[PDB]
Amino acid sequence: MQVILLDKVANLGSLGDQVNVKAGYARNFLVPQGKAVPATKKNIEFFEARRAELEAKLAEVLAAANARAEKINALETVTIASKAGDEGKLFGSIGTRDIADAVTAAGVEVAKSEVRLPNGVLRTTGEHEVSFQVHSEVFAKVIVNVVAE
Amino acid sequence: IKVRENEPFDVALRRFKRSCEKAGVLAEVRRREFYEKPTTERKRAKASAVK
Amino acid sequence: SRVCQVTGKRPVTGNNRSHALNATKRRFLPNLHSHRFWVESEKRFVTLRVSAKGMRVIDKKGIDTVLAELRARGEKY
Amino acid sequence: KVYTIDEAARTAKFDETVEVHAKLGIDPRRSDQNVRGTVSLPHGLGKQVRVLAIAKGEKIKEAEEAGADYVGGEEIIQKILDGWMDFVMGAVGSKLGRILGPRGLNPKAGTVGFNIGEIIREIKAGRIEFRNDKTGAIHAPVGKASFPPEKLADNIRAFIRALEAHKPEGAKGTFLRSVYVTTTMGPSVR
Amino acid sequence: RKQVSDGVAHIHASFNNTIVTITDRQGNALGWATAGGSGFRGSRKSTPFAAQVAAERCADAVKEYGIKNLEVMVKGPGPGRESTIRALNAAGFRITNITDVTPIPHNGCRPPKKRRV
RNA sequence: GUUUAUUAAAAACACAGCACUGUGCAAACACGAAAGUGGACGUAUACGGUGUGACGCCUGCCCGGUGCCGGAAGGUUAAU
RNA sequence: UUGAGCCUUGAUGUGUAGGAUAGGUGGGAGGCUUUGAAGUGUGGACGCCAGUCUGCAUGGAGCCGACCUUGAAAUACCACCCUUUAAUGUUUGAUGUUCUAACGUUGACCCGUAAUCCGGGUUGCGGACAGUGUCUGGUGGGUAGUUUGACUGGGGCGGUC
Ligand SMILES: [Mg+2]
Ligand SMILES: [Mg+2]
Ligand SMILES: [Mg+2]
Ligand SMILES: [Mg+2]
Ligand SMILES: [Mg+2]
Ligand SMILES: [Mg+2]
Ligand SMILES: [Mg+2]
Ligand SMILES: [Mg+2]
Ligand SMILES: [Mg+2]
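Let us look at the structure shown here.

With that out of the way, let us pick up the overall build of chain B. Each helix and strand in chain B was counted, giving one helix and one strand. For a compact globule of 51 residues, the expected C-alpha radius of gyration is about 10 Å, and chain B comes in at 17 Å, more than 25% above that figure. Reported as C-alpha extents along the three principal axes, the dimensions of chain B are approximately 50 × 30 × 10 Å. Burial status across chain B gives 12% buried among its 51 residues. Placing the 16 positive and 8 negative side-chain charges of chain B at their respective mean positions leaves the two points 7 Å apart.

Structural data, given as structure tokens:
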């Protein structure tokens, strides 16, 4: 038969292709342990609706889990009111829920665990930097400036 | 039986084999089985070895 | 009885024609095989005595559709 | 390629040595492997041959100017017949036989042209072009073609040399072109 | 194919004929030749000459693994018994140790009877 | 011992014994379109078939023919 | 993995007069090797142990042609290849390796169920074999239906048509 697959399936499958398999394999193994299904045409278009949706649509929505950072370099500077000891060296210090909570709390809304401050930003005063995370490949840089007020 | 000769010489040197096996017990064990006839063979083999 | 539950196939009578053309009553049995089909929609195996043509029909129509046909004519399974 | 690559001759002196060896079929039933009266081929080729004829002491004044050089006289039939070292080729047709001076004990000579009205008449071309190619072992074809001064112009010996496919026997398959020589080898299909 | 260099010469030497096989140190057969197969048949092959040419055709067949040195194991009485280990020295083999392996029953089977010739 | 109930009781059948041959058990074999059975709640010192016919002394020669068993290199050879 | 096709790629020839272990015709009077040779020294190796080929290598720079003979002339070079053989593939199986999931179970167990049937279930052993359907070649007095002439000094035998 033809049959269209479900899971990845070894030396033939893919995850949702239209392979062609010996019926002995389809009945008796694949379809029963639902790893595939009869290509009843009714189905093959059940799959064409499934060829437009999740893919074409929700990847220009990860073009929004990405263009969040088109507003990461268009400000590129938050200040933290953290002072300085005996020579412009932070009396404060700023981490991730400091650089995600002092990022969210404006027009820059990020998820608190989306702010990568290398053992840095907060340790001393002045300008620093950080690695802001929204996508797996597209993050983005800013500049942080712990203001000693 | 065994000779594991060493360095400088290509000659056999296996004079050993005429001091033990070979035809000794090989022409012997070869043919007929003998029996009580070796008694007569080994009797003449001693009437000799007196003188 | 050598009868396919899907299609009705059962033995049929015909002739054996010799080379001399002698007829002889014979039968033609169907290719019956009892077979365990997994019915997902009932969390159960249902074994049927079917002809291979039968299997082919179950493969196309779909077991759930075929079982329904039997249920329809009060055929048990 | 589809037809023939005559650019596939591409370090001798000249590649006139590119022989036409197009396969033929076996002997299933009864069939032969015959070459016509000097297969010319629709390419002049440019070959100034040497055609030795069994003509007479009359046709030495025009039967020597038509794609040849000389002709063997009537006195030189057996007056030059006592030396294996001192002695295409021709043999006039009809009631003329060639076994009293060309049949003893091993060459290839048969056809040239039979003419009693003209030794070289206005239009009778076909000789000073190509030779022949008869049976050898398990096949035939053995000849020659084109040169180094050719291109897809001497590829008229592919649509008028592989077109020399004659009647086969029964349970045979004559079709396998192959040329070239004194450089490389090969050919495509037929 | 293959390569060994350290081998063993086996020679079967029986009144009727003698056969030579060169094998490796595990006893896996490499090459063999036989007095009766080198020509000469009958009283012919029953000679030390025949056994000689038999260590020869053999050397031209076992050098086909590049053997350099080999032990000798002699079995049987019979011509070619030692005439055949002379052929092996000369043919350009180093020759390590010699041995006799002709089997000696502690009186088992009853050997054949006859030979009223 | 058995047998032709009703023209044959015998030298015919059987018989213990012998031999050959098949059978590893869902045995071979047999009743059965099948299911189910017998063989057997047995298992090769067992079961089937076949001939011979207590016992004594013995049982030679022939494998061309037919039958059976084995073999595969080639040859020929079905549906397809 | 292996038996057959089929496609490239390499082998090799002791009929006689002879410079000599000439395969058949065909191109064919200079190709070649410093893109590193002849001939020595071995390697794998074919085999009528007659001898050949070659990757490696010591090597270090020319061989040839109608040459007159031979029914047929060049290891001068190249071809389509025959004698027979050999190596990858392409394809077709077939034989051979495992798996489990179809299927087999005349192993053990659970339930329906106080049941040596059956069904379902679990587990063990098998396992794409086995077996069955259709088609097909072989076997097939076990069974079946039949045939197995006439003339004739009765019929049969012989003879005859
Ligand atoms: Mg009585
Ligand atoms: Mg009575
Ligand atoms: Mg009555
Ligand atoms: Mg009475
Ligand atoms: Mg019995
Ligand atoms: Mg009797
Ligand atoms: Mg009967
Ligand atoms: Mg009958
Ligand atoms: Mg009558």
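What follows is about the overall build of chain A. When you go through chain A residue by residue, the secondary structure sums to five helices and seven strands. The secondary structure elements of chain A, listed N-terminal to C-terminal, are β-α-β-α-α-β-α-α-β-β-β-β. A compact globule built from 149 residues should have a C-alpha radius of gyration of about 15 Å, whereas chain A, at 26 Å, is more than 25% larger. Overall, the C-alpha framework of chain A stretches about 80 × 25 × 20 Å when taken along its three principal axes.

This part takes up the interface of chain C and chain A. Tallying the contact residues gives four residues for chain C and five residues for chain A. Residues belonging to the side of chain C that touches chain A are distributed by class as follows: two nonpolar, one polar and one charged.

Time to look at the interface of chain E and chain B. The extent of an interface is frequently quoted as the accessible surface area lost upon association of the parts. Between chain E and chain B, the residue contacts involve 23 residues of the former and 20 residues of the latter. Here the residues of the side of chain E that touches chain B sort into eight nonpolar, seven polar and eight charged. Two elements, strand β1 (residues 2–3) of chain B and strand β5 (residues 94–100) of chain E, share two bridges in a ladder whose sense is antiparallel. Along β5 of chain E, the bridge assignment pairs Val3 of chain B with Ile98 of chain E.

For the rest of this paragraph, the subject is the packing of aromatic side chains. A ring pair is formed by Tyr25 of chain A and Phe29 of chain A, whose centres lie 5.4 Å apart and whose planes are at 10°; its orientation type is stacked. Residue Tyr25 of chain A and its partner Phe29 of chain A are located together in helix α1 (residues 23–30), separated by four residues, close to a single helical turn. Arranged with centres 6.0 Å apart and planes meeting at 45°, the rings of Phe40 of chain E and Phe49 of chain E form a pair that is tilted. Just above the ring of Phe16 of chain B sits the side chain of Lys17 of chain B; from NZ or CZ to the centre is 4.3 Å. For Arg36 of chain C, the ring lying beneath its charged end belongs to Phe45 of chain C, and the centroid distance is 3.7 Å.

Residues and elements named next belong to chain C. Sheet analysis places strand β3 (residues 32–39) next to strand β4 (residues 44–51), joined by eight bridges and oriented antiparallel. Directly across from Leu32, in β4, lies its bridge partner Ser51. Between β3 and β4, which pair antiparallel in sequence order, lie four residues; one of them, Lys43, sits at a positive phi of approximately 45°.

Glancing now at the sheet that holds strand β5 (residues 126–128) of chain A. Hydrogen bonds along the backbone pair up the strands of a sheet, which may run parallel or antiparallel. Residues and elements named next belong to chain A. The sheet built from three strands is open, its strands ordered β3-β7-β5 with mixed pairing. Among the strands making up the open sheet, the edge pair consists of β3 (78–81) and β5. Going from strand to strand, the sheet's axes swing by 25° on average, the running direction of each strand aside.

Bringing unusual backbone geometry into the picture now. The phi angle at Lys22 of chain B is positive, at roughly 50°, despite the residue not being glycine. Within the fold, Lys22 of chain B resides in the loop between β1 and α1 (38–47). Positive phi values are uncommon outside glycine, yet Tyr180 of chain D reaches one of about 85°.

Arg27 of chain A is paired through a salt bridge with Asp59 of chain C; the nearest N and O atoms lie 2.9 Å apart. Taken together, the positions of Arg27 of chain A in helix α1 and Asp59 of chain C in helix α1 (residues 52–61) put the pair across two chains. Linking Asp6 of chain E and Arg25 of chain E is a salt bridge whose minimum nitrogen-to-oxygen distance equals 3.6 Å. Remark: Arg25 of chain E occurs in the loop between β2 (17–24) and β3 (29–34) and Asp6 of chain E occurs in strand β1 (residues 6–14); sequence separation between them is 19 residues.

In spatial order, the strands read β1(B)-β5(E)-β4(E)-β1(E)-β2(E)-β3(E); together these six strands make up an open sheet with mixed pairing. A strand with exactly one partner marks an edge of an open sheet, and here the two such strands are β1 of chain B together with β3 of chain E. By the bridge criterion, five bridges tie β2 of chain E to β3 of chain E in an arrangement that is antiparallel. Looking at the pairing, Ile19 of chain E lines up with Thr34 of chain E of β3 of chain E. Here helix α1 (residues 48–62) of chain E sits on the sheet and contacts β2 and β3 of chain E; the angle it forms with β3 of chain E, its principal contact strand, is near 150°. Across the sheet, helix α2 (residues 83–90) of chain E lies against β1, β2, β4 (69–75) and β5 of chain E, angled at about 155° from β1 of chain E, the strand it touches most.

We now examine the packing of α1 of chain E against α2 of chain E. Residues and elements named next belong to chain E. One way to put it is that α1 packs onto α2 with a least axis distance of 8 Å and a crossing angle of 35°. α1 and α2 meet at a crossing whose hand is right-handed. Residues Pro48, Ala51, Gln52 and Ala55 of α1 lie in contact with α2, whose contacting residues are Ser83, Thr84, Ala87 and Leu88. Class assignment for the residues of the contact of α1 with α2 results in five nonpolar, three polar and no charged.

Definitions and limits used
- Residues numbered from 1 in each chain as written, not as in the entry; some residues may be left out.
- Chains lettered and ligands numbered in written order.
- Part of a larger assembly, values for the part shown.
- Heavy atoms only, no water.
- Residues with missing side-chain atoms left out of burial classes, pairs and counts.
- Helix = DSSP H or I, 4+ residues; strand = E, 2+ residues; numbered from the N terminus.
- Rg over C-alpha atoms; globule rule 2.2 N^0.38 Å.
- Buried < 20%, exposed > 50% of the residue type's maximum accessible area, 1.4 Å probe, protein only.
- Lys, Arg positive; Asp, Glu negative; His and termini not counted.
- Charge placed at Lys NZ, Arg CZ, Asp CG, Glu CD.
- Contact = heavy atoms within 4.5 Å.
- Nonpolar A, V, L, I, M, F, W, Y, C, P; charged D, E, K, R; others polar.
- Pairing = 2+ DSSP bridges.
- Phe/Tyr/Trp six-rings, centres within 6.5 Å; stacked < 30°, edge-to-face > 60°.
- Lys NZ or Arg CZ within 6 Å of the ring centre and 35° of its normal.
- Axes fitted to C-alpha atoms, helices over the stretch in contact; angles between N-to-C directions.
- Salt bridge = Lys/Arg side-chain N within 4 Å of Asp/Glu carboxyl O.
- Left-handed = near helix turned anticlockwise from the far one by under 90°.

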